[PDB]
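Here is the file structure_7.csv (CSV, N, CA and C atoms and all ligand atoms).
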```csv
chain,number,residue,atom,x,y,z
A,335,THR,N,-45.3,-35.4,-5.1
A,335,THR,CA,-45.5,-35.8,-6.5
A,335,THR,C,-45.3,-37.3,-6.6
A,336,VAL,N,-45.4,-37.8,-7.9
A,336,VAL,CA,-45.5,-39.3,-8.1
A,336,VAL,C,-44.3,-39.8,-9.0
A,337,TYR,N,-43.8,-40.9,-8.5
A,337,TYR,CA,-42.6,-41.6,-9.1
A,337,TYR,C,-42.9,-42.6,-10.1
A,338,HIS,N,-42.4,-42.6,-11.3
A,338,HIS,CA,-42.6,-43.6,-12.3
A,338,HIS,C,-41.6,-44.8,-12.1
A,339,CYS,N,-42.0,-46.0,-12.3
A,339,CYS,CA,-41.2,-47.2,-12.0
A,339,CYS,C,-41.3,-48.3,-13.0
A,340,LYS,N,-40.2,-49.0,-13.3
A,340,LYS,CA,-40.2,-50.1,-14.2
A,340,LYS,C,-39.3,-51.2,-13.6
A,341,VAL,N,-39.7,-52.5,-13.9
A,341,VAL,CA,-38.9,-53.6,-13.4
A,341,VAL,C,-38.7,-54.7,-14.5
A,342,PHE,N,-37.5,-55.2,-14.6
A,342,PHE,CA,-37.2,-56.1,-15.6
A,342,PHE,C,-36.5,-57.3,-15.0
A,343,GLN,N,-36.7,-58.5,-15.6
A,343,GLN,CA,-36.1,-59.7,-15.1
A,343,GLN,C,-35.3,-60.4,-16.2
A,344,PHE,N,-34.0,-60.7,-15.9
A,344,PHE,CA,-33.1,-61.3,-16.8
A,344,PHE,C,-32.7,-62.8,-16.4
A,345,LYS,N,-32.4,-63.6,-17.4
A,345,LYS,CA,-31.9,-65.0,-17.1
A,345,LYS,C,-30.4,-65.1,-16.7
A,346,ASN,N,-29.6,-64.1,-17.0
A,346,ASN,CA,-28.2,-64.1,-16.8
A,346,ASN,C,-27.5,-62.8,-17.0
A,347,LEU,N,-26.6,-62.3,-16.2
A,347,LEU,CA,-25.7,-61.3,-16.6
A,347,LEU,C,-24.2,-61.4,-16.2
A,348,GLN,N,-23.6,-62.5,-16.8
A,348,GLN,CA,-22.2,-62.6,-16.7
A,348,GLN,C,-21.4,-61.7,-17.6
A,349,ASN,N,-22.0,-61.1,-18.6
A,349,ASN,CA,-21.4,-60.3,-19.5
A,349,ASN,C,-20.9,-58.9,-18.9
A,350,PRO,N,-19.6,-58.7,-18.8
A,350,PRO,CA,-19.2,-57.4,-18.2
A,350,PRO,C,-19.6,-56.2,-19.0
A,351,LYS,N,-19.7,-56.4,-20.3
A,351,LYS,CA,-20.1,-55.3,-21.2
A,351,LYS,C,-21.6,-54.8,-20.9
A,352,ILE,N,-22.5,-55.7,-20.6
A,352,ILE,CA,-23.8,-55.4,-20.2
A,352,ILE,C,-23.8,-54.7,-18.9
A,353,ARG,N,-23.0,-55.2,-18.0
A,353,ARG,CA,-22.9,-54.6,-16.7
A,353,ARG,C,-22.5,-53.2,-16.7
A,354,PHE,N,-21.4,-52.9,-17.3
A,354,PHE,CA,-20.9,-51.5,-17.6
A,354,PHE,C,-22.0,-50.6,-18.1
A,355,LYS,N,-22.7,-51.0,-19.2
A,355,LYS,CA,-23.8,-50.2,-19.7
A,355,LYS,C,-24.9,-49.8,-18.8
A,356,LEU,N,-25.4,-50.9,-18.1
A,356,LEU,CA,-26.5,-50.7,-17.1
A,356,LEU,C,-26.0,-49.7,-16.0
A,357,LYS,N,-24.7,-49.8,-15.6
A,357,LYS,CA,-24.1,-48.9,-14.6
A,357,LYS,C,-24.1,-47.5,-15.1
A,358,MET,N,-23.3,-47.2,-16.1
A,358,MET,CA,-23.1,-45.9,-16.7
A,358,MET,C,-24.4,-45.2,-17.0
A,359,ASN,N,-25.4,-45.9,-17.6
A,359,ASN,CA,-26.7,-45.2,-17.9
A,359,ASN,C,-27.5,-44.9,-16.7
A,360,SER,N,-27.5,-45.7,-15.6
A,360,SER,CA,-28.2,-45.4,-14.4
A,360,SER,C,-27.6,-44.2,-13.7
A,361,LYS,N,-26.2,-44.1,-13.8
A,361,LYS,CA,-25.4,-43.0,-13.4
A,361,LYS,C,-25.8,-41.7,-14.1
A,362,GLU,N,-25.9,-41.7,-15.4
A,362,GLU,CA,-26.1,-40.5,-16.2
A,362,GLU,C,-27.5,-40.0,-16.1
A,363,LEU,N,-28.4,-40.9,-15.7
A,363,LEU,CA,-29.9,-40.6,-15.7
A,363,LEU,C,-30.5,-40.1,-14.4
A,364,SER,N,-29.8,-40.3,-13.3
A,364,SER,CA,-30.4,-40.0,-11.9
A,364,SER,C,-31.6,-40.9,-11.5
A,365,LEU,N,-31.6,-42.1,-12.1
A,365,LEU,CA,-32.6,-43.1,-11.7
A,365,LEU,C,-32.2,-43.7,-10.4
A,366,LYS,N,-33.2,-44.3,-9.7
A,366,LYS,CA,-32.9,-45.0,-8.4
A,366,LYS,C,-33.4,-46.4,-8.5
A,367,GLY,N,-32.8,-47.3,-7.7
A,367,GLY,CA,-33.2,-48.6,-7.7
A,367,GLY,C,-32.1,-49.6,-7.5
A,368,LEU,N,-32.2,-50.8,-8.0
A,368,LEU,CA,-31.2,-51.8,-7.8
A,368,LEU,C,-31.2,-52.9,-8.9
A,369,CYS,N,-30.1,-53.6,-8.9
A,369,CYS,CA,-29.9,-54.8,-9.7
A,369,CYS,C,-29.3,-55.9,-8.8
A,370,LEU,N,-30.1,-57.0,-8.7
A,370,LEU,CA,-29.8,-58.1,-7.8
A,370,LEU,C,-29.7,-59.3,-8.7
A,371,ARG,N,-28.7,-60.1,-8.4
A,371,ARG,CA,-28.6,-61.5,-9.1
A,371,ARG,C,-28.2,-62.6,-8.1
A,372,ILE,N,-28.7,-63.8,-8.4
A,372,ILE,CA,-28.4,-65.0,-7.6
A,372,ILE,C,-27.1,-65.6,-8.0
A,373,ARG,N,-26.0,-65.4,-7.3
A,373,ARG,CA,-24.6,-65.7,-7.7
A,373,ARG,C,-24.2,-65.1,-9.0
A,374,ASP,N,-22.9,-65.2,-9.3
A,374,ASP,CA,-22.4,-64.6,-10.6
A,374,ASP,C,-23.1,-65.1,-11.8
A,375,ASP,N,-23.5,-66.4,-11.8
A,375,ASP,CA,-24.1,-67.0,-13.0
A,375,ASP,C,-25.7,-67.2,-13.0
A,376,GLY,N,-26.3,-66.5,-12.0
A,376,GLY,CA,-27.8,-66.7,-11.9
A,376,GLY,C,-28.7,-65.7,-12.5
A,377,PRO,N,-30.0,-65.9,-12.4
A,377,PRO,CA,-31.0,-64.9,-12.9
A,377,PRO,C,-31.0,-63.7,-11.9
A,378,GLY,N,-31.8,-62.7,-12.2
A,378,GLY,CA,-32.0,-61.5,-11.3
A,378,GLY,C,-33.0,-60.5,-11.9
A,379,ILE,N,-32.9,-59.3,-11.2
A,379,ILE,CA,-33.9,-58.3,-11.4
A,379,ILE,C,-33.3,-56.9,-11.5
A,380,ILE,N,-33.8,-56.1,-12.3
A,380,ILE,CA,-33.5,-54.7,-12.4
A,380,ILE,C,-34.7,-53.9,-12.0
A,381,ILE,N,-34.6,-52.9,-11.0
A,381,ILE,CA,-35.7,-52.0,-10.6
A,381,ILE,C,-35.3,-50.6,-10.8
A,382,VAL,N,-36.1,-49.8,-11.5
A,382,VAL,CA,-35.8,-48.4,-11.8
A,382,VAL,C,-36.9,-47.5,-11.4
A,383,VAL,N,-36.6,-46.4,-10.8
A,383,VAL,CA,-37.5,-45.4,-10.3
A,383,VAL,C,-37.1,-43.9,-10.6
A,384,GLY,N,-38.0,-43.2,-11.2
A,384,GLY,CA,-37.6,-41.8,-11.5
A,384,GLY,C,-38.8,-41.0,-12.3
A,385,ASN,N,-38.4,-40.0,-13.1
A,385,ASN,CA,-39.5,-39.4,-13.9
A,385,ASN,C,-39.7,-40.2,-15.2
A,386,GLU,N,-40.8,-39.9,-15.9
A,386,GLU,CA,-41.3,-40.7,-17.0
A,386,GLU,C,-40.2,-40.7,-18.2
A,387,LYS,N,-39.7,-39.6,-18.5
A,387,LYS,CA,-38.7,-39.5,-19.6
A,387,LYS,C,-37.5,-40.5,-19.3
A,388,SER,N,-36.9,-40.4,-18.1
A,388,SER,CA,-35.8,-41.3,-17.8
A,388,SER,C,-36.1,-42.8,-17.8
A,389,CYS,N,-37.3,-43.1,-17.2
A,389,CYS,CA,-37.7,-44.5,-17.2
A,389,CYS,C,-37.9,-45.1,-18.6
A,390,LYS,N,-38.5,-44.3,-19.5
A,390,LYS,CA,-38.7,-44.8,-20.9
A,390,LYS,C,-37.3,-45.0,-21.6
A,391,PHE,N,-36.4,-44.0,-21.3
A,391,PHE,CA,-35.1,-44.1,-21.9
A,391,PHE,C,-34.4,-45.4,-21.5
A,392,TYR,N,-34.5,-45.7,-20.2
A,392,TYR,CA,-33.9,-46.9,-19.7
A,392,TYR,C,-34.6,-48.2,-20.3
A,393,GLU,N,-35.9,-48.1,-20.5
A,393,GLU,CA,-36.7,-49.2,-21.0
A,393,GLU,C,-36.1,-49.5,-22.4
A,394,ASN,N,-35.8,-48.4,-23.2
A,394,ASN,CA,-35.3,-48.5,-24.5
A,394,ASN,C,-33.9,-49.2,-24.5
A,395,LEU,N,-33.1,-48.8,-23.5
A,395,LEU,CA,-31.7,-49.2,-23.4
A,395,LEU,C,-31.7,-50.7,-23.2
A,396,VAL,N,-32.6,-51.2,-22.4
A,396,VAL,CA,-32.6,-52.6,-21.8
A,396,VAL,C,-33.3,-53.5,-22.8
A,397,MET,N,-34.4,-53.0,-23.4
A,397,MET,CA,-35.2,-53.9,-24.2
A,397,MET,C,-34.9,-53.8,-25.7
A,398,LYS,N,-34.2,-52.7,-26.1
A,398,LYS,CA,-33.9,-52.5,-27.5
A,398,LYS,C,-32.4,-52.4,-27.8
A,399,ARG,N,-31.6,-51.8,-27.0
A,399,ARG,CA,-30.2,-51.5,-27.4
A,399,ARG,C,-29.2,-52.6,-27.0
A,400,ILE,N,-29.4,-53.2,-25.8
A,400,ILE,CA,-28.6,-54.2,-25.3
A,400,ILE,C,-28.8,-55.6,-26.0
A,401,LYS,N,-27.8,-56.3,-26.5
A,401,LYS,CA,-27.9,-57.6,-27.0
A,401,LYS,C,-27.6,-58.7,-25.9
A,402,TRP,N,-28.7,-59.0,-25.2
A,402,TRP,CA,-28.6,-60.0,-24.1
A,402,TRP,C,-28.1,-61.4,-24.5
A,403,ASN,N,-28.2,-61.7,-25.8
A,403,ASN,CA,-27.8,-63.0,-26.3
A,403,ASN,C,-26.4,-63.0,-27.0
A,404,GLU,N,-25.7,-61.9,-26.9
A,404,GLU,CA,-24.4,-61.8,-27.6
A,404,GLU,C,-23.3,-62.7,-26.9
A,405,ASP,N,-22.6,-63.5,-27.7
A,405,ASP,CA,-21.5,-64.3,-27.1
A,405,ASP,C,-20.3,-63.4,-26.6
A,406,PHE,N,-19.7,-63.9,-25.6
A,406,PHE,CA,-18.5,-63.3,-25.0
A,406,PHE,C,-17.5,-64.2,-24.4
A,407,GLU,N,-16.3,-63.7,-24.2
A,407,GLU,CA,-15.2,-64.5,-23.7
A,407,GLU,C,-14.7,-64.1,-22.3
A,408,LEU,N,-14.4,-65.1,-21.5
A,408,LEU,CA,-13.8,-64.8,-20.2
A,408,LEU,C,-12.4,-65.5,-20.1
A,409,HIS,N,-11.5,-64.9,-19.3
A,409,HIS,CA,-10.2,-65.4,-19.1
A,409,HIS,C,-9.9,-65.7,-17.6
A,410,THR,N,-9.2,-66.8,-17.4
A,410,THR,CA,-8.9,-67.3,-16.0
A,410,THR,C,-7.5,-67.7,-15.8
A,411,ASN,N,-7.1,-68.2,-14.6
A,411,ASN,CA,-5.8,-68.7,-14.3
A,411,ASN,C,-5.5,-70.0,-14.9
A,412,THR,N,-6.5,-70.7,-15.3
A,412,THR,CA,-6.3,-72.0,-15.9
A,412,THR,C,-6.6,-72.1,-17.4
A,413,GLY,N,-7.2,-71.0,-17.9
A,413,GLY,CA,-7.4,-70.8,-19.4
A,413,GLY,C,-8.4,-69.9,-19.8
A,414,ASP,N,-9.1,-70.1,-20.9
A,414,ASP,CA,-10.1,-69.2,-21.4
A,414,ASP,C,-11.5,-69.9,-21.5
A,415,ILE,N,-12.5,-69.0,-21.5
A,415,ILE,CA,-13.9,-69.5,-21.5
A,415,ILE,C,-14.7,-68.7,-22.6
A,416,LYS,N,-15.3,-69.5,-23.6
A,416,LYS,CA,-16.2,-68.9,-24.5
A,416,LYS,C,-17.6,-69.1,-24.0
A,417,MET,N,-18.4,-68.1,-23.8
A,417,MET,CA,-19.7,-68.2,-23.3
A,417,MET,C,-20.7,-67.9,-24.4
A,418,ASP,N,-21.5,-68.9,-24.8
A,418,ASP,CA,-22.6,-68.6,-25.8
A,418,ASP,C,-23.9,-68.3,-25.1
A,419,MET,N,-24.5,-67.1,-25.4
A,419,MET,CA,-25.7,-66.7,-24.7
A,419,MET,C,-27.1,-66.8,-25.5
A,420,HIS,N,-27.1,-67.8,-26.5
A,420,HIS,CA,-28.3,-68.0,-27.3
A,420,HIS,C,-29.7,-68.0,-26.6
A,421,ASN,N,-29.7,-68.5,-25.4
A,421,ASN,CA,-31.0,-68.6,-24.6
A,421,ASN,C,-31.1,-67.7,-23.4
A,422,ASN,N,-30.4,-66.6,-23.4
A,422,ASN,CA,-30.6,-65.5,-22.4
A,422,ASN,C,-31.7,-64.6,-22.9
A,423,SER,N,-32.4,-64.0,-22.0
A,423,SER,CA,-33.4,-63.0,-22.4
A,423,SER,C,-33.6,-62.0,-21.3
A,424,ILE,N,-34.4,-61.0,-21.6
A,424,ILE,CA,-34.6,-59.8,-20.6
A,424,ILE,C,-36.0,-59.5,-20.0
A,425,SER,N,-37.1,-59.7,-20.8
A,425,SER,CA,-38.4,-59.5,-20.2
A,425,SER,C,-38.7,-58.3,-19.3
A,426,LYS,N,-39.7,-57.4,-19.7
A,426,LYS,CA,-40.1,-56.3,-18.8
A,426,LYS,C,-41.5,-56.7,-18.1
A,427,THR,N,-41.4,-56.7,-16.8
A,427,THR,CA,-42.4,-57.4,-16.0
A,427,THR,C,-43.4,-56.5,-15.3
A,428,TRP,N,-43.0,-55.4,-14.8
A,428,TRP,CA,-43.9,-54.5,-14.1
A,428,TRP,C,-43.7,-53.0,-14.5
A,429,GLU,N,-44.8,-52.2,-14.4
A,429,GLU,CA,-44.8,-50.9,-14.9
A,429,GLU,C,-45.9,-50.1,-14.1
A,430,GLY,N,-45.5,-48.9,-13.5
A,430,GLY,CA,-46.5,-48.2,-12.7
A,430,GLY,C,-46.0,-47.0,-11.9
A,431,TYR,N,-46.7,-46.7,-10.8
A,431,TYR,CA,-46.4,-45.5,-10.1
A,431,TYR,C,-46.3,-45.7,-8.6
A,432,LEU,N,-45.4,-45.0,-8.0
A,432,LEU,CA,-45.2,-45.1,-6.5
A,432,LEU,C,-45.4,-43.7,-5.9
A,433,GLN,N,-45.9,-43.7,-4.7
A,433,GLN,CA,-46.0,-42.4,-3.9
A,433,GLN,C,-44.8,-42.3,-3.1
A,434,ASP,N,-44.1,-43.5,-2.9
A,434,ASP,CA,-43.0,-43.6,-2.0
A,434,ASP,C,-41.8,-44.2,-2.7
A,435,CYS,N,-40.6,-43.7,-2.4
A,435,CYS,CA,-39.4,-44.3,-2.9
A,435,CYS,C,-38.3,-44.6,-1.9
A,436,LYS,N,-38.1,-45.9,-1.6
A,436,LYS,CA,-37.2,-46.3,-0.5
A,436,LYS,C,-35.7,-46.4,-0.9
A,437,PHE,N,-35.5,-46.4,-2.2
A,437,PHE,CA,-34.1,-46.5,-2.7
A,437,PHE,C,-33.3,-45.2,-2.6
A,438,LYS,N,-32.0,-45.3,-2.3
A,438,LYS,CA,-31.2,-44.2,-2.0
A,438,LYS,C,-30.2,-43.9,-3.0
A,439,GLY,N,-30.2,-44.6,-4.1
A,439,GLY,CA,-29.3,-44.4,-5.2
A,439,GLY,C,-29.6,-45.5,-6.2
A,440,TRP,N,-28.5,-45.9,-6.9
A,440,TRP,CA,-28.7,-47.1,-7.8
A,440,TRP,C,-27.4,-48.0,-7.5
A,441,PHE,N,-27.7,-49.2,-7.1
A,441,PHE,CA,-26.7,-50.1,-6.6
A,441,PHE,C,-26.8,-51.6,-7.1
A,442,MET,N,-25.7,-52.2,-7.3
A,442,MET,CA,-25.8,-53.7,-7.5
A,442,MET,C,-25.2,-54.6,-6.5
A,443,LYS,N,-25.8,-55.8,-6.4
A,443,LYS,CA,-25.4,-56.8,-5.4
A,443,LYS,C,-25.6,-58.2,-6.0
A,444,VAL,N,-24.6,-59.0,-5.8
A,444,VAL,CA,-24.8,-60.4,-6.1
A,444,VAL,C,-25.2,-61.2,-4.8
A,445,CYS,N,-26.3,-61.9,-4.9
A,445,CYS,CA,-26.7,-62.7,-3.7
A,445,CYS,C,-26.3,-64.2,-3.8
A,446,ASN,N,-26.3,-64.9,-2.7
A,446,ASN,CA,-25.9,-66.3,-2.7
A,446,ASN,C,-27.0,-67.3,-3.0
A,447,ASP,N,-28.2,-67.0,-2.6
A,447,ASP,CA,-29.4,-67.8,-2.9
A,447,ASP,C,-30.6,-67.0,-3.2
A,448,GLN,N,-31.6,-67.6,-3.7
A,448,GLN,CA,-32.8,-66.9,-4.0
A,448,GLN,C,-33.5,-66.2,-2.8
A,449,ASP,N,-33.3,-66.8,-1.6
A,449,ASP,CA,-33.9,-66.2,-0.4
A,449,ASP,C,-33.1,-65.0,0.0
A,450,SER,N,-31.8,-65.0,-0.2
A,450,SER,CA,-31.0,-63.8,0.1
A,450,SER,C,-31.5,-62.7,-0.9
A,451,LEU,N,-31.8,-63.0,-2.1
A,451,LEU,CA,-32.4,-62.0,-3.0
A,451,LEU,C,-33.7,-61.5,-2.5
A,452,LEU,N,-34.6,-62.4,-2.2
A,452,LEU,CA,-36.0,-62.0,-1.7
A,452,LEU,C,-35.9,-61.2,-0.4
A,453,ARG,N,-35.0,-61.6,0.5
A,453,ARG,CA,-34.8,-60.8,1.8
A,453,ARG,C,-34.4,-59.4,1.4
A,454,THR,N,-33.5,-59.2,0.5
A,454,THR,CA,-33.0,-57.9,0.2
A,454,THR,C,-34.2,-57.1,-0.4
A,455,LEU,N,-34.9,-57.6,-1.4
A,455,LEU,CA,-36.0,-56.9,-2.0
A,455,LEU,C,-36.9,-56.4,-0.9
A,456,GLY,N,-37.1,-57.3,0.1
A,456,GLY,CA,-38.1,-57.0,1.2
A,456,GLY,C,-37.7,-55.8,2.1
A,457,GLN,N,-36.4,-55.5,2.1
A,457,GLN,CA,-35.9,-54.4,2.9
A,457,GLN,C,-36.3,-53.1,2.3
A,458,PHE,N,-36.6,-53.1,1.0
A,458,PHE,CA,-37.1,-52.0,0.2
A,458,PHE,C,-38.5,-52.2,-0.2
A,459,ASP,N,-39.3,-53.0,0.6
A,459,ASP,CA,-40.7,-53.2,0.4
A,459,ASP,C,-41.0,-53.7,-1.1
A,460,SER,N,-40.1,-54.6,-1.6
A,460,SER,CA,-40.2,-54.9,-3.0
A,460,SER,C,-40.1,-56.4,-3.3
A,461,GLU,N,-40.5,-57.3,-2.4
A,461,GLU,CA,-40.5,-58.8,-2.6
A,461,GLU,C,-41.3,-59.2,-3.8
A,462,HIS,N,-42.4,-58.5,-4.0
A,462,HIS,CA,-43.4,-58.9,-5.0
A,462,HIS,C,-42.9,-58.7,-6.5
A,463,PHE,N,-41.9,-57.8,-6.7
A,463,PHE,CA,-41.5,-57.5,-8.0
A,463,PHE,C,-40.7,-58.6,-8.6
A,464,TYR,N,-40.3,-59.6,-7.9
A,464,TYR,CA,-39.5,-60.7,-8.4
A,464,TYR,C,-40.4,-61.9,-8.7
A,465,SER,N,-40.1,-62.6,-9.8
A,465,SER,CA,-40.7,-63.9,-10.0
A,465,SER,C,-39.8,-65.1,-9.9
A,466,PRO,N,-39.8,-65.8,-8.8
A,466,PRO,CA,-39.0,-67.1,-8.6
A,466,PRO,C,-39.3,-68.2,-9.7
A,467,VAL,N,-38.4,-69.1,-9.8
A,467,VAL,CA,-38.7,-70.3,-10.6
A,467,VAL,C,-38.0,-71.6,-10.1
A,501,Y,Y,-47.2,-38.5,-19.8
A,502,Y,Y,-24.1,-67.6,-30.0
```
Would you put the structure from the file into structure tokens?
Amino acid sequence: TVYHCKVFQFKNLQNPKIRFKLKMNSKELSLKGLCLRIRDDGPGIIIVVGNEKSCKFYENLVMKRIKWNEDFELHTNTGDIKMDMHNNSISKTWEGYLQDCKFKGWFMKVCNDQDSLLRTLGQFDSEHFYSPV
């Protein structure tokens, strides 16, 4: 049979609340794929693979329900940080079908450089799904 697939690209995900939601929902839905980002503060990619119903549900989650631009606060050993996200965004970039699915669950990974990200995507035959800048 045939696997439905979607891919999204974000400018930032330092927000722990966003991270939680993406996790929990991937968990509850039986979707497969990954979320990769260049360092804690960099851009990245979400890839999702499953049946049509689940993919559209996730599309809704990510493009409609999540406030990618919502301000949040971080706490450290030297003090507090207020993060304003007015210029963060999410973008849905690819949409289609696969005969083959190389992902084995749904996982996240923070990479050190863009090449580390591209190398990873390539282990799953997916270098092309990303758009560098
Ligand atoms: Y249909
Ligand atoms: Y703001």
- In the coordinate frame of the file, compute which residues have an atom within 9 Å of (-27.1, -50.3, -7.3) when using only C-alpha atoms, and state them as an NGL selection string. :A and (357 or 360 or 366-370 or 439-443)
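Neighbouring residues of ligand Y 502 (chain A) at a cut-off of 10 Å, counting only C-alpha atoms and all ligand atoms, are residues 403, 404, 405, 406, 416, 417, 418, 419, 420 and 421 of chain A.
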Residues just named, written with N, CA and C atoms as a PDB file, keeping the file's coordinate frame:
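Writing done, so here's selection-v5.pdb:
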```pdb
ATOM      1  N   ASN A 403     -28.200 -61.700 -25.800  1.00  0.00           N
ATOM      2  CA  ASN A 403     -27.800 -63.000 -26.300  1.00  0.00           C
ATOM      3  C   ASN A 403     -26.400 -63.000 -27.000  1.00  0.00           C
ATOM      4  N   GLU A 404     -25.700 -61.900 -26.900  1.00  0.00           N
ATOM      5  CA  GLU A 404     -24.400 -61.800 -27.600  1.00  0.00           C
ATOM      6  C   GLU A 404     -23.300 -62.700 -26.900  1.00  0.00           C
ATOM      7  N   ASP A 405     -22.600 -63.500 -27.700  1.00  0.00           N
ATOM      8  CA  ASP A 405     -21.500 -64.300 -27.100  1.00  0.00           C
ATOM      9  C   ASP A 405     -20.300 -63.400 -26.600  1.00  0.00           C
ATOM     10  N   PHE A 406     -19.700 -63.900 -25.600  1.00  0.00           N
ATOM     11  CA  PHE A 406     -18.500 -63.300 -25.000  1.00  0.00           C
ATOM     12  C   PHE A 406     -17.500 -64.200 -24.400  1.00  0.00           C
ATOM     13  N   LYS A 416     -15.300 -69.500 -23.600  1.00  0.00           N
ATOM     14  CA  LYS A 416     -16.200 -68.900 -24.500  1.00  0.00           C
ATOM     15  C   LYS A 416     -17.600 -69.100 -24.000  1.00  0.00           C
ATOM     16  N   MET A 417     -18.400 -68.100 -23.800  1.00  0.00           N
ATOM     17  CA  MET A 417     -19.700 -68.200 -23.300  1.00  0.00           C
ATOM     18  C   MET A 417     -20.700 -67.900 -24.400  1.00  0.00           C
ATOM     19  N   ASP A 418     -21.500 -68.900 -24.800  1.00  0.00           N
ATOM     20  CA  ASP A 418     -22.600 -68.600 -25.800  1.00  0.00           C
ATOM     21  C   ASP A 418     -23.900 -68.300 -25.100  1.00  0.00           C
ATOM     22  N   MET A 419     -24.500 -67.100 -25.400  1.00  0.00           N
ATOM     23  CA  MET A 419     -25.700 -66.700 -24.700  1.00  0.00           C
ATOM     24  C   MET A 419     -27.100 -66.800 -25.500  1.00  0.00           C
ATOM     25  N   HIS A 420     -27.100 -67.800 -26.500  1.00  0.00           N
ATOM     26  CA  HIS A 420     -28.300 -68.000 -27.300  1.00  0.00           C
ATOM     27  C   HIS A 420     -29.700 -68.000 -26.600  1.00  0.00           C
ATOM     28  N   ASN A 421     -29.700 -68.500 -25.400  1.00  0.00           N
ATOM     29  CA  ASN A 421     -31.000 -68.600 -24.600  1.00  0.00           C
ATOM     30  C   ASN A 421     -31.100 -67.700 -23.400  1.00  0.00           C
TER      31      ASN A 421
END
```
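Each of A:424, A:358, A:446, A:451 was compared to residue 402 of chain A using only C-alpha atoms, and A:424 turns out to be the nearest.
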Determine, counting only C-alpha atoms, which protein, DNA and RNA residues have an atom within 7 Å of an atom of residue 345 of chain A; residues of the same chain fewer than 4 positions away are not included. Present the result as a PyMOL selection string.
-> chain A and resi 376-378+422-424
> Hey, which residues come within 10 Å of ligand Y 501 (chain A) if we count only C-alpha atoms and all ligand atoms? Could you give them as a list in words?
Replying inline: residues 385, 386 and 387 of chain A
From atom CA of residue 431 of chain A to atom CA of residue 336 of chain A the spacing works out at 6.6 Å
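The protein and nucleic acid residues lying at most 6 Å from residue 444 of chain A are residues 370, 371, 372 and 373 of chain A, with only N, CA and C atoms considered and sequence neighbours fewer than 5 positions away removed.
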Please produce an output containing N, CA and C atoms for each residue in the selection, written as an mmCIF file, in the coordinates of the input.
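Produced file selection.cif, reproduced below:
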```cif
data_model
loop_
_atom_site.group_PDB
_atom_site.id
_atom_site.type_symbol
_atom_site.label_atom_id
_atom_site.label_comp_id
_atom_site.auth_asym_id
_atom_site.auth_seq_id
_atom_site.Cartn_x
_atom_site.Cartn_y
_atom_site.Cartn_z
ATOM 1 N N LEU A 370 -30.100 -57.000 -8.700
ATOM 2 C CA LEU A 370 -29.800 -58.100 -7.800
ATOM 3 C C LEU A 370 -29.700 -59.300 -8.700
ATOM 4 N N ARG A 371 -28.700 -60.100 -8.400
ATOM 5 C CA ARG A 371 -28.600 -61.500 -9.100
ATOM 6 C C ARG A 371 -28.200 -62.600 -8.100
ATOM 7 N N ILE A 372 -28.700 -63.800 -8.400
ATOM 8 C CA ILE A 372 -28.400 -65.000 -7.600
ATOM 9 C C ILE A 372 -27.100 -65.600 -8.000
ATOM 10 N N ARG A 373 -26.000 -65.400 -7.300
ATOM 11 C CA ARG A 373 -24.600 -65.700 -7.700
ATOM 12 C C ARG A 373 -24.200 -65.100 -9.000
#
```
Spatial neighbours of residue 426 of chain A, max dist 6 Å, only N, CA and C atoms, sep filter under 2 positions, as number ranges by chain
A: 341-343, 424, 428
Open item on the list: To test your reading of the structure, identify every residue in chain A that backbone DSSP assigns to strand (DSSP E), and report it as a count of residues only.
Closed with: 43
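The smallest atom-to-atom distance between residue 364 of chain A and any of A:384, A:456, A:430, A:350, using all atoms listed in the file, is found for A:384.
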| Every residue of segment 351-462 of chain A that DSSP places in helix (DSSP H, G or I), as a ChimeraX atom specification | /A:351-363,386-399,448-457,461-462
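Close contacts of residue 452 of chain A, defined as residues with an atom at most 8 Å away when counting only N, CA and C atoms, with chain neighbours fewer than 4 positions off set aside, comprise residues 447, 448, 456, 457, 460, 461, 462 and 464 of chain A.
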Residues near residue 375 of chain A, anyone? I mean within 6 Å using only N, CA and C atoms, not counting same-chain ones fewer than 3 positions away, as a PDB file with N, CA and C atoms, keeping the file's coordinate frame.
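Contents of the output file result.pdb:
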```
ATOM      1  N   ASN A 346     -29.600 -64.100 -17.000  1.00  0.00           N
ATOM      2  CA  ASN A 346     -28.200 -64.100 -16.800  1.00  0.00           C
ATOM      3  C   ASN A 346     -27.500 -62.800 -17.000  1.00  0.00           C
ATOM      4  N   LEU A 347     -26.600 -62.300 -16.200  1.00  0.00           N
ATOM      5  CA  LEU A 347     -25.700 -61.300 -16.600  1.00  0.00           C
ATOM      6  C   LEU A 347     -24.200 -61.400 -16.200  1.00  0.00           C
ATOM      7  N   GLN A 348     -23.600 -62.500 -16.800  1.00  0.00           N
ATOM      8  CA  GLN A 348     -22.200 -62.600 -16.700  1.00  0.00           C
ATOM      9  C   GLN A 348     -21.400 -61.700 -17.600  1.00  0.00           C
ATOM     10  N   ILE A 372     -28.700 -63.800  -8.400  1.00  0.00           N
ATOM     11  CA  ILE A 372     -28.400 -65.000  -7.600  1.00  0.00           C
ATOM     12  C   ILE A 372     -27.100 -65.600  -8.000  1.00  0.00           C
TER      13      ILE A 372
END
```
What separates atom CA of residue 395 of chain A and atom CA of residue 437 of chain A is a distance of 21.0 Å
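Relative to atom C of residue 425 of chain A, atom N of residue 394 of chain A is found at 11.0 Å.
Nearest to residue 463 of chain A of all the residues A:432, A:389, A:379, A:400 is A:379, counting only N, CA and C atoms.
Each of A:458, A:392, A:415, A:374 was checked against residue 359 of chain A using only N, CA and C atoms; the smallest atom-to-atom distance is that of A:392.
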